[PDB]
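Engineer: Below you'll find the sequence and an experimental structure to go with it.
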Amino acid sequence: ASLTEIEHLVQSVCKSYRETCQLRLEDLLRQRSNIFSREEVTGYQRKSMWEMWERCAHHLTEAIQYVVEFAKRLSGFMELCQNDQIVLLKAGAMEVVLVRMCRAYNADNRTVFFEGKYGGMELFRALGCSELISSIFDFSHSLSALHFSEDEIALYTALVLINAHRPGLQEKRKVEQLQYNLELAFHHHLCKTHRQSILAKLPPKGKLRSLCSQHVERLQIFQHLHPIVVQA
Amino acid sequence: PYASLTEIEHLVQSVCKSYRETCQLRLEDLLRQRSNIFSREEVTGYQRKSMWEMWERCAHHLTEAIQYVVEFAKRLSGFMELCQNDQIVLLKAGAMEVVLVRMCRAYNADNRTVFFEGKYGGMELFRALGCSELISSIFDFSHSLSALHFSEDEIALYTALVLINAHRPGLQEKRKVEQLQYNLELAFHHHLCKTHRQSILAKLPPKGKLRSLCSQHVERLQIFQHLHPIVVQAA
Ligand SMILES: C[C@H]1[C@H](C)CC[C@]2(C(=O)O)CC[C@]3(C)C(=CC[C@@H]4[C@@]5(C)CC[C@H](O)C(C)(C)[C@@H]5CC[C@]43C)[C@H]12
Ligand SMILES: C[C@H]1[C@H](C)CC[C@]2(C(=O)O)CC[C@]3(C)C(=CC[C@@H]4[C@@]5(C)CC[C@H](O)C(C)(C)[C@@H]5CC[C@]43C)[C@H]12
């Protein structure tokens, strides 16, 4: 495609992101000084595994709704058939949530914004999967080190989601073409803003998939269907 | 392993129990409201609404009804043993089909009205949807279902088989679904036998009828930029 087309794709992906970013970055940043006390930590830690999983499913669900609304504003995505839309969301909506997560993560003290205050990974002890949790914290930590702008997140997440490697696609060449255009958009934007250097520092592609499918598997143990599926 | 009388009886109970806990609205509450009918002015207030407003309302009722159907599925212990892919295939194909069966409970065959947003109204309430043939078709279908005079337990067992259908294309563990379907069939037939209700079997909606009605609604939702309503979307 032309320069004008690539520019228009950059603008439309960032617009769609901006409209669906769930919480404003400034609100997340302002809250950084607001940290759970030890007593509040041990209040979280003493909760039933069932209660913590319920909370964490509910945050996952709500964050995924914003990601599906992101996908719905990418005119490329609304052109795909229904099965291919489901395939991309089922594999990618939760991966996008885990990238967006880095906005709510404070690298200075290794804490995340969770339910009104920042807390460290020990807040989630009642989840009973401390290796998974610690790895999630390492992944967000590696993302924080890139210092993403809002627009880099938009462009990077569009690529996470519009992904021709997902198994089960029916219009693979079409998804490949959309993905190709989105890579051009991302690359162009980074060159224009003197930020090409991040491309070599992005996490290995399978890392994100592995972190998500371990979450999905724990949700399944706790009787929650894939969080793309409407439940209550 | 061929299920005992006790095993099949226990299956009848657990399906009816799951239904009862997720039936969304109580039958009594629906029936009591039958005397409460939209006025002509209220009807034309519906009809003047934008296509986008009425599709928003109808998508919203569909979604919420599907959530109760999904919760129905999650309580069928057979269904939680299925793999993730099969769970999706069955709900994508069957959750809204269950909704269109459950709808008959909100349908009054005496005057062909449906309970919608606090009062009963005829199909003309839905004119702004711009698919009058489809809506007329849905009313005929609910009318035909109402003739059967279903009990809640019959809706429970019928709708479990709407969902657990081993012929849905794309199933990866077809054998597992066939096993579940066969027991649900025994459970439904056993219950109908015991209550002298087997005559309803020949009268159940033809193969594909439910599917065609759901696929038409999904297509219209898709025209109005709503993905398949099994997929979580703006709250
Ligand atoms: C993605 C962001 C969003 C941009 C803003 C709101 C968000 C929220 O739901 O509050 C902030 C916290 C995390 C990171 C959000 C969603 C999911 C996670 C999650 C439940 C993800 C799985 C993890 O293992 C863990 C339990 C640590 C987090 C906690 C932070 C949460 C709950 C939301
Ligand atoms: C299934 C029941 C439930 C047992 C009780 C609550 C229910 C509700 O959502 O209020 C009653 C009405 C219908 C039948 C319900 C769900 C969807 C339908 C639907 C939108 C289905 C599609 C049809 O074309 C039509 C537009 C006529 C109906 C309207 C009534 C509704 C909105 C709910």
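Structural biologist: Cool, got the structure. Residues are numbered from 1 along each chain as shown, chains lettered A, B, ... in the order given. Ligands and ions are numbered 1, 2, ... in the order given.

Engineer: The closest residue to chain B within chain A in helix, strand or coil?
Structural biologist: For chain A and chain B, the shortest gap (CB to the nearest CB) falls at residue A:232, measuring 4.4 Å. Just so you know, the C-beta spots here come from the backbone N, C-alpha and C atoms, and that holds for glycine as well. With DSSP: H, G, I helix; E, B strand; the rest coil as the basis, residue A:232 sits in coil.

Engineer: That one reaches residue B:72, doesn't it?
Structural biologist: No: the criterion here is CB atoms under 8 Å, and residue A:232 misses it with residue B:72 at 11.0 Å.

Engineer: Tell me which of these two has more neighbours.
Structural biologist: residue B:72 (25 against 11; other CB atoms under 10 Å in any protein chain shown).

Engineer: quick one: the residue of chain A closest to chain B and ligand 1, what's the gap?
Structural biologist: Noted for residue A:232: a distance of 18 Å to ligand 1, by CB to the nearest ligand atom, to the nearest Å.

Engineer: For that residue, give me its contacts.
Structural biologist: Applying CB atoms under 8 Å, 6 or more residues apart in numbering or on different chains to residue A:232 gives the contacts B:67, B:68, B:70, B:71.

Engineer: which among these gets closest to ligand 2?
Structural biologist: residue B:68 (7.6 Å; CB to the nearest ligand atom).

Engineer: For stretch A:223-232, measure first residue to last.
Structural biologist: 12 Å (CA to CA, to the nearest Å).

Engineer: Ok, stretch A:138-155 next?
Structural biologist: Where stretch A:138-155 begins and where it ends lie 22 Å apart, using CA to CA.

Engineer: follow-up on the earlier one: pick out the most distant pair among the contacts of residue A:232.
Structural biologist: Farthest apart among these by CB to CB are B:68 and B:70. That separation is 7.3 Å.

Engineer: Leaving out chain neighbours, which residue sits closest to residue A:125?
Structural biologist: Nearest residue to residue A:125, sequence neighbours excluded (CB to CB, 6 or more residues apart in numbering or on different chains): residue A:45, at 4.6 Å.

Engineer: doesn't residue A:121 make contact with the one you found?
Structural biologist: No: with contact defined as CB under 8 Å, residue A:45 does not count as touching residue A:121 (11.2 Å).

Engineer: how about residue A:108, what does it touch?
Structural biologist: residue A:32.

Engineer: Phi first, then psi, for it.
Structural biologist: Dihedral pair for residue A:108: phi -60, psi -40, per degrees, to the nearest 10.

Engineer: Please name the residues that touch residue A:167.
Structural biologist: Per CB under 8 Å, 6+ apart, neighbours of residue A:167: residue A:87.

Engineer: swap that for residue A:24, please
Structural biologist: Taking CB under 8 Å, 6+ apart, one finds nothing in contact with residue A:24.
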